[PDB]
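Some notes on the structure that comes next.
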Amino acid sequence: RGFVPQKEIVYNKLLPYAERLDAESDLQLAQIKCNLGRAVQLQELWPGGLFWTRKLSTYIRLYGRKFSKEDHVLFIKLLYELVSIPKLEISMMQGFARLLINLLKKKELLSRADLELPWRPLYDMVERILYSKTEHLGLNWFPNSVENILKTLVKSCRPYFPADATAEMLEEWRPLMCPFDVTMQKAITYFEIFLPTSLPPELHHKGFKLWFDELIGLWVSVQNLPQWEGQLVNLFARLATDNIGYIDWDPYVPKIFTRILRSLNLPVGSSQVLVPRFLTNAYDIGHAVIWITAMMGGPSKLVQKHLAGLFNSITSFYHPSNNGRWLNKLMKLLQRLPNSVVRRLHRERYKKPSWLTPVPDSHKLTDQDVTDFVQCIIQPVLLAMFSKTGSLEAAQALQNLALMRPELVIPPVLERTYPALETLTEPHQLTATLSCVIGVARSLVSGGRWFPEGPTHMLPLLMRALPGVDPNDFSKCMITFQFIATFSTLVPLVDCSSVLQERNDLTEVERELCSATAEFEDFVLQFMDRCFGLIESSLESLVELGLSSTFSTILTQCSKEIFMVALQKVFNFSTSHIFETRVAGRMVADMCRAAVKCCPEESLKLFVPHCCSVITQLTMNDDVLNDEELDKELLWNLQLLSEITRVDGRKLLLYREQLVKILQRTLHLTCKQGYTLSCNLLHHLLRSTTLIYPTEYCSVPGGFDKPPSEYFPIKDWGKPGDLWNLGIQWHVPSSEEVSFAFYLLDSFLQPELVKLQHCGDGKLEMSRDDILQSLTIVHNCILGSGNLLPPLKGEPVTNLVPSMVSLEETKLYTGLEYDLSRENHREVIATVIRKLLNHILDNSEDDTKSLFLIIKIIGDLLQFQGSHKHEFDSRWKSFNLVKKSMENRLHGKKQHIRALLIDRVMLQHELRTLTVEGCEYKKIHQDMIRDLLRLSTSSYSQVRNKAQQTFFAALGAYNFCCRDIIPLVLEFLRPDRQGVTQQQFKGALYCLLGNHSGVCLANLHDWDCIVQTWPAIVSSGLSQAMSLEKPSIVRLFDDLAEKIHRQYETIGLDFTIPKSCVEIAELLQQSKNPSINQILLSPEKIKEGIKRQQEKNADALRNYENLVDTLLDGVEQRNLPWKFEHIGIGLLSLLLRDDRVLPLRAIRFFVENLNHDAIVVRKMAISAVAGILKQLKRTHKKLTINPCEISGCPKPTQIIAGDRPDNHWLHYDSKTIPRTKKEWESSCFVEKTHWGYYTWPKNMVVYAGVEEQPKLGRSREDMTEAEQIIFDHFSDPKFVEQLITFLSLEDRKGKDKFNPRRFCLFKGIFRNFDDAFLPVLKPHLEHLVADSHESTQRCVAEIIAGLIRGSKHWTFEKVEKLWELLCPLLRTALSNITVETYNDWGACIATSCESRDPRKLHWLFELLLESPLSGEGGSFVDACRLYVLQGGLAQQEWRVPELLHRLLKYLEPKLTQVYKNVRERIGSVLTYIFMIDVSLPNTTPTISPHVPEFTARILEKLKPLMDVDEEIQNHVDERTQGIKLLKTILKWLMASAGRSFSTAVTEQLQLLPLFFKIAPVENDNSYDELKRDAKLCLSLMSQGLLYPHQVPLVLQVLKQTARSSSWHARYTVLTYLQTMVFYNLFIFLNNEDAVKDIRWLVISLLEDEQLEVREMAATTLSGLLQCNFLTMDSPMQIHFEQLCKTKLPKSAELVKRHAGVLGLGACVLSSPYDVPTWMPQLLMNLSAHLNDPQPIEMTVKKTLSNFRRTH
Ligand SMILES: O=P(O)(O)O[C@H]1[C@H](OP(=O)(O)O)[C@@H](OP(=O)(O)O)[C@H](OP(=O)(O)OP(=O)(O)O)[C@H](OP(=O)(O)OP(=O)(O)O)[C@@H]1OP(=O)(O)O
Ligand SMILES: O=P(O)(O)O[C@H]1[C@H](OP(=O)(O)O)[C@@H](OP(=O)(O)O)[C@H](OP(=O)(O)O)[C@@H](OP(=O)(O)O)[C@H]1OP(=O)(O)O
């Protein structure tokens, strides 16, 4: 046609009316182009621009793309330039972004030659919304799902960025890469979001080869778990997948795999624990799996060797006995890894050539490369089949592993399935080995040309699973139903066993597989007695969904020969075994309609004459009409006929006459089991006759009951997909059955509609049980015949919204062609039920049953067109669960069982008939929602609750109708509307609360609906039909105020579409592939558009400043309870703008109630006034320095990090602080603590001098008149004494903190006024540091912090006057520090010098590093003043090298001289002293203290402890002070283990052999606080990453101190090696000399003189041999067996036999849950050493007991 579609939805072509969808969707696309290009040009963003955005979205939910490549680009460019507007409302930016994700989601449709989206407006967009500077002060209020929808919005646009973007993302975030602060996190989040990885290989040199070596050297050089390196592995996983025949990963793979194994955080060793170690994040296996599977392949498998080694290391932990907290993530590795290999194989093989860069032939997965993956991973998968958590994530692994290698996967799972389904003592296995045969099923039934036996296992295993259909287990009867249903769609069970005339053309498998087909009667009848007994003895509405699901699945897959036997067996059981009508007859009648739904013409012939005759014989007496019990043979046959008839309606027009006659008599029969079972008979009779649905659902198209059985149905087991030759048998309603539906509606709806219309009059005094009956008939008649009768129409409601483009409904066809010459039957029913609602709600108020049906009939007159929304939702959910469990992912043409592939076209039809867009609100619908409200606010709470759910669904159905009813919900909660009721008020505010996932009506988006609602919701506190004494009314106003504060998004006040969005929108309304011929836009109304928009964002301003004023008028209204003013202030606290300053009266309000008598309002006021002082801040001017213009040096290239010469002037040096006003005014003062560490930015800001800054010290006449209010309050003593009285008061005793909310209050005070308030404050905070209270010291710490941070932009005279004040204040405050107080001054000082220049606040450091370790106050103030100082030197990282040298020079004389609580602080402080000496790549050696230089001076001092003769542990010269030193440095290494970037440097390694001989052996019990201190330090230090150059050095240390004379030392080096290998194990496995050194070390220590170290060496040999780090050699057996034969000595002799026996025991204990081939001969050798004397006897006995307890 006129344009080329671009990946349509396939399922639109398969509809019965698919000829109509071409002419329809071309018109809708033309309207979307026209009224989106108009709407952006017009800047009608709210009613028109966001409308046709929302209608373009539902054009893609319905039709796929179906627009040109030329026109796809136009939508992308328009909604990209329009989603990135620098001050655009974030609330409606959500819709533009969600469409823009949806337009770039399928990446293969554009090609970078069609689209070149810039990256800068996305970065300015994320900075505004992820690193917002005003959200924490409460001025912005984003939606909650924003970060997750913008990180995918940038992810969507990222493959289309310009080629130069990487190089200009690396000059803008590379300056932020200082690893010591929080701005490294910002850099690596922006790299993980923005930095492009999918570029063609023609320009890899402008992509990842411009940052990769840098960023992965940065990745490898750290050993912590920073929160940014998990951001960084998310980045390399994306890089590895997109570029696979490229970056080698070969130097890196032994580090990726070993960090993944560390992330699995398996407990290894003799109870060595890691409380300190990072357990929380950084290694999701979703991305680690992706990164593993993208590295394997190519010429060097290396990656497959590591992957096999990984699963050899974890094989103990996948065993079902060994479950733990690790298992939730080890199951994730196992379920996600074969899936991602399936997706790689599909990417490489069965995915078509496209724009995306294809994988090279050199790096595709080969035959052996994927066979080796199956061979490595399957034993943990089979081991995890029997897991206690529930076998779900092993079945998915078995599904994906059987797509690639079914011959390696299926025979083990049925080797474990046939015994499991045979047993009766292990029932955990049946649920395991049947759920794991569900996923293996499509591979099992196919064969696959190398596993042909496959299917022959089907019908044996299908028959043997029949006792699972069980009344006793719900749990196995579910999986048995779900097993029989999945192994019967996969087989046409036509009896193809009468083929012995077919001497050739068959296989020896196919012959044996067709002469087993004859047992298909013996399956569908033995199955069916299992299903009869379960009914006869019948959580249970699922075992009739499963029952009727698998029985309908069976019965469409059986031939007409099998079906007649099943039909006779259904019929005799339903006919002669009379059933109760609640649970058992509900099951039989749904088993009956499976047989009726299959072959409609023969099965219906049995039931409908029988059930009509048996109902006719039992209804004959004519006193059964007014009998209110109905003897229960009529109930069952009436239920049977009721559900027998939801079938193909064309095949039921034969039984037309004598089925209306069964409705002529039973509908008016007074028993609500029996007109209900006869009106749902009427329901299922209409909707079988009216609605469009497929009829067959078979696996083989359009046939399957065919007389020639000479061809061969059992070579078709599978046949997946075939979308094109599909052949859906649709039931489209013919004119005959539409005529039957209207006759059945004119015979059973019209009389009782006349009856209810008279009942609305003064005729027909009608019973309440008779009104309910007639409404029940009307409800089921509408609810069946919905598709025929067209929806409600009428005149449009008038005064809602000016609408310059258009507001048009979507007209979707759905295949029926409404008869408009008949009287619409929705309108007459609405006419009757409105008048009957007036009758009931005025005459019979208490009719709690019919009234509900007025609610349901309003709810379906207004909504229901043939399809239920909830049923379609349930079906959709079911579809993805069935689709994912049968997903042949490897193959890529939507191959699926024809059953769910027909069900998906039916879902496309239901999605099509169910989505009706923003249709005109049309005053007949207004009366539906007026009258509904009358039910929403009614006498009974249950009719209110059910009435509000159809009310909330009525409001999301009509555009601009939430705004229509705002003042009618709000009538009842007016203060002056006299006497509404208690229940009308409670109903109006439930109505105004909404529900969890719909409209709210109290927090709608416009101004015109908040300015109404919020003053009503505060002013409903003085209402006199209002009672807070009721505990539900308090709960709802707390829910109302709680929901709005949770869901307010900032609104509007500016909408101005720029001259870039209108430029690209003119081209979209003039594109001519598809169009309606619409006129060029007149500039007369490109002037009325600006005219309407400028006055539309003018009453946004009017409504905002009106809302603030009337919240203020309401919150102080002469008698209002404290709840409502606490509500009305929090709602007012939501209105701190940042586009404007707050209203003058609200500034007055929040300032005057800082000192309010309620502490809740005081905290709201602290937050609000901090927001006010941020709104009122004067902008400080910046200049640009060249950083080689103050330093005077060439600022070299080849970018190097760390302390440089151009960096050096920015360091704190004690000889260059200004000290005068002239050296201060001529100085640079780079404030941030990261600028210039890594590199300098393109331009760099300075904060220029005071002569150009905003002038400070104003005299209140120069102030901006809202500074007047804060000045006139914060400068008088009375306000300040009340403020500091309320603000030094204890709130939560023991739970109070520093509270940075109150710090932001005083930081803004001393940032806007700065000079006059502290003379008012100096007596108050002079008094406040002298108090030995807790909360008074809290109060002054917040004021001192905000006063120090506030003095950032002051004059030298004014900061000089500030520090003459603050120095004695801080001296007194740190001398009077307390246990209740110390971590509050630690937050005061760390807060007061974060993001500040250290030279500017040098008075802190001279006060606070003078004597932290002094002695007055004793201990604990030495520890806490050295802690308060610690946060101060911690915030000023890398930039204060000396003063960290001054602290090291101060405090090396004091490591010996100090108490227990202080050397912990000494250790944490030395950790923060040596943070800056990093081994990070290309980092210049720091000016900061070096950690090797210090620990050499320690090694000098600690020398007399580590010498010969081994006497240690006295702690009572240069030896006891060495013990005292070793205490302090042991607490240092404690804190250094998890914090420093390069843990355990090469001179923090000679500290080990001295720590080995002093650590204990067995227990963690109380040993001198120096042994247990050395035990946990050793346990905490093996558990830590090593470098590859470092694993020779540590192992050289270990074999040195395993050769010592201390057996405690030789024990603990052998536990150290035990934890040190498995944590970061590969690093050692990527060293052929380290594995040999470790095996020589463990074999050597296995023959020591101490028995304990021999047992420990056996334990660690057995553990290193278990994880396969160490291989059990043939020389290893020779050495052990030649030690076993030593002699009895007639020791030096018995120790050798014990060594050899102990090594053999290590070898047989290394395989706990498996006997390998070498074990039986090896275990006979240990049997010859039982009577071998002690200690060999105990080793043999413990070894063999430990053997056979696990085998
Ligand atoms: O309509 P649904 O239910 O939301 O699900 C859609 C998905 O959502 P979307 O249409 O974008 O909203 C979309 O997947 P993503 O875009 O997220 O990747 C399609 O993938 P695509 O076809 O582009 O990708 P490929 O073909 O798998 O390579 C379809 O996934 P497959 O079945 O794997 O694809 P097949 O339809 O079988 O061809 C799937 O069609 P179904 O309706 O049958 O589930
Ligand atoms: O002094 P700090 O506590 O470090 O806070 C500053 C300060 O913001 P406030 O004055 O609102 O606290 C800067 O404002 P000026 O003093 O330079 O006017 C602001 O810079 P911008 O106003 O240019 O945003 C900067 O924010 P940023 O670091 O994003 O530039 C921000 O630092 P924090 O982000 O650490 O608060």
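Reading the sequence shown from the start, the letters are residues 24 to 561, 578 to 1555, 1565 to 1738, 1753 to 1813 in the deposited numbering.
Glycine residues also receive a C-beta, built at the ideal position from the N, C-alpha and C atoms.
Taking only the alpha-carbon atoms, compute the straight-line gap between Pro639 and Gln934 and give it to the nearest angstrom.
By one-based count along the sequence shown, residue 639 stands at place 600. By one-based count along the sequence shown, residue 934 stands at place 895. When rounded, the distance between both Cα atoms is 29 angstroms.
Whose CA, out of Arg1435, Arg1410, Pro1362, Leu406, lies closest to the CA of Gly1385?
Taking the sequence shown and counting its residues from 1, the one referred to as residue 1385 is at position 1346. When only C-alpha atoms are compared, the closest one is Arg1435.
Go to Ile897, then tell me how far its alpha helix (DSSP H) extends in each direction, as first and last residue.
As a first step, residue 897 is located in the sequence shown; it is residue number 858 there, counting from the start. Per DSSP, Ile897 belongs to the alpha helix (DSSP H) from 889–900.
Along the alpha helix (DSSP H) that carries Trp1402, what are the first and last residues, could you check?
Here residue 1402 refers to the residue found at position 1363 when the sequence shown is read from its first residue. Start and end: 1395–1414.
Compare the C-alpha of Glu1476 against each of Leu1448, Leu1538, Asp1516 and name the closest.
If you number the sequence shown from 1, residue 1476 lands on position 1437. Considering only alpha carbons, the answer is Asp1516.
What residues come near ligand 1, if near means a beta carbon less than 6 angstroms from any of its heavy atoms?
Every residue passing the under-6 angstroms Cβ criterion appears here: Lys128, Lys129, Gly931, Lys933, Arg943.
Which first and last residues belong to the alpha helix (DSSP H) in which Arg1377 is found?
What you label residue 1377 is simply residue 1338 of the sequence shown in a count that begins at 1. Its alpha helix (DSSP H) spans residues 1374–1389.
For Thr380, which of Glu449, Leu262, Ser344, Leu357 has the nearest alpha-carbon?
Translated into positions along the sequence shown, residue 380 becomes position 357. The residue with the shortest Cα to Cα distance from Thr380 is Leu262.
Along the chain, where does the alpha helix (DSSP H) that runs through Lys802 open and close?
Stepping through the sequence shown from its first residue, residue 802 is reached at position 763. Counting along the chain, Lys802 falls outside any alpha helix (DSSP H), and DSSP gives it neither H nor E.
Just to check my reading of the structure: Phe999 and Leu972 have Cβ atoms closer than 8 angstroms, yes? What is that Cβ distance to the nearest angstrom?
Start at 1 with the first residue of the sequence shown, and residue 999 comes out as number 960. Start at 1 with the first residue of the sequence shown, and residue 972 comes out as number 933. Wrong, their Cβ atoms sit about 17 angstroms apart, outside the cutoff.
Start and end of the alpha helix (DSSP H) containing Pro1601?
By 1-based counting over the sequence shown, the position of residue 1601 is 1553. Per DSSP, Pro1601 belongs to the alpha helix (DSSP H) from 1600–1604.
So, helix, strand or coil for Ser906, using DSSP?
The sequence position of residue 906 within the sequence shown is 867, counting from 1. It is a strand residue.
Assuming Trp251 is part of the alpha helix (DSSP H), what are its boundary residues?
Within the sequence shown, numbered from 1, the residue matching residue 251 stands at position 228. Looking at the DSSP string, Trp251 is not in any alpha helix (DSSP H), and its letter there is neither H nor E.
Which residues bound the alpha helix (DSSP H) around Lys355?
Numbered from its first residue, the sequence shown carries residue 355 at position 332. It spans 350–368 - the alpha helix (DSSP H) in which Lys355 sits, taken as one unbroken run.
Are the Cβ atoms of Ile1387 and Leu1364 separated by less than 7 angstroms?
Numbered from 1 along the sequence shown, position 1348 holds the residue referred to as residue 1387. Numbered from 1 along the sequence shown, position 1325 holds the residue referred to as residue 1364. Cβ distance not < 7 angstroms, so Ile1387 and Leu1364 don't count as in contact.
DSSP three-state call for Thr729: helix, strand or coil?
Working through the sequence shown from its first residue, we reach residue 729 at position 690. If DSSP states are grouped into helix, strand and coil, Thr729 belongs with the helices.
If I follow the unbroken alpha helix (DSSP H) through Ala41, where does it start and stop?
Stepping through the sequence shown from its first residue, residue 41 is reached at position 18. Counting along the chain, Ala41 falls outside any alpha helix (DSSP H), and DSSP gives it neither H nor E.
Which word fits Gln1376, buried or exposed, when buried means at least 16 other C-beta atoms lie within 10 angstroms of its C-beta?
Looking up residue 1376 in the sequence shown gives position 1337. So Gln1376 ends up on the buried side.
Leaving out the 5 sequence neighbours to the left and right, which residues in its chain are closer than 6 angstroms to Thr849 when beta-carbon positions are compared?
By 1-based counting over the sequence shown, the position of residue 849 is 810. Once the five neighbours on either side are set aside, the close Cβ partners of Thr849 are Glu956.
On the DSSP bridge list, what partners appear for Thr1523?
In the sequence shown, residue 1523 corresponds to position 1484, counting from 1. Bridge partners of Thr1523: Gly1241.
Using CA coordinates, which residue listed in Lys1647, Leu1677, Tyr1087, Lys916 is at the minimum distance from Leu1634?
Translated into the one-based positions of the sequence shown, residue 1634 becomes position 1586. Looking at the Cα atoms, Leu1677 is the closest of the given residues.
How should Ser717 be labelled, buried or exposed, when 16 other C-beta atoms within 10 angstroms of its C-beta is the threshold for buried?
Position 678 of the sequence shown holds residue 717. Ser717 comes out buried.
Is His1219 a contact residue of ligand 4, with contact defined as CB to any heavy atom under 6 angstroms?
You won't find ligand 4 in this model; what it holds is ligand 1 and ligand 2.
At the level of alpha carbons, what is the spacing between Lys690 and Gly309?
In the sequence shown, residue 690 corresponds to position 651, counting from 1. In the sequence shown, residue 309 corresponds to position 286, counting from 1. One C-alpha to the other measures close to 52 angstroms.
May I ask whether a heavy atom of ligand 2 can be found less than 6 angstroms away from the beta carbon of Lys156?
Locating residue 156 in the sequence shown gives position 133, where the first residue counts as 1. Yes, the beta carbon of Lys156 sits closer than 6 angstroms to at least one heavy atom of ligand 2.
Let me know the secondary structure DSSP gives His159 once reduced to three states.
In the sequence shown, residue 159 corresponds to position 136, counting from 1. Coil at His159, not helix or strand.
Quick check: what's the CA-CA separation for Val1802 versus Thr1594?
In the sequence shown, the residue the question calls residue 1802 occupies position 1740. In the sequence shown, the residue the question calls residue 1594 occupies position 1546. Looking at the two C-alpha atoms, the distance is approximately 41 angstroms.
Is the number of C-beta pairs between the segment 310–330 and the segment 357–369 that are closer than 8 angstroms three or more?
Touching, yes.
Under 8 angstroms: do the segment 1239–1257 and the segment 165–175 share three or more Cβ pairs, one atom per stretch?
Because the criterion of three Cβ pairs below 8 angstroms is not met, the segment 1239–1257 and the segment 165–175 do not touch.
So what does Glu31 bridge to, in DSSP terms?
As a working note, residue 31 is residue 8 in the sequence shown. In DSSP, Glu31 forms a bridge with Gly87.
Thinking C-beta only, is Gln422 closer than 7 angstroms to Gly462?
Here residue 462 refers to the residue found at position 439 when the sequence shown is read from its first residue. Here residue 422 refers to the residue found at position 399 when the sequence shown is read from its first residue. For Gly462 and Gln422, yes; Cβs fall inside 7 angstroms.
List, from N- to C-terminal side, the alpha helix (DSSP H) runs of 4 residues or more that fit wholly inside the segment 1444–1508.
Those alpha helix (DSSP H) runs which fall completely within the segment 1444–1508 and span 4+ residues are 1461–1474, 1483–1490.
Using DSSP's beta-bridge definition, name the partner residues of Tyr997.
Numbered from its first residue, the sequence shown carries residue 997 at position 958. BP columns for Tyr997 point to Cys958.
Measuring only the C-alpha atoms, how far is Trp1274 from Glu150?
As a position in the sequence shown, residue 1274 is number 1235, starting the count at 1. As a position in the sequence shown, residue 150 is number 127, starting the count at 1. Whole-angstrom Cα-Cα distance: 18 angstroms.
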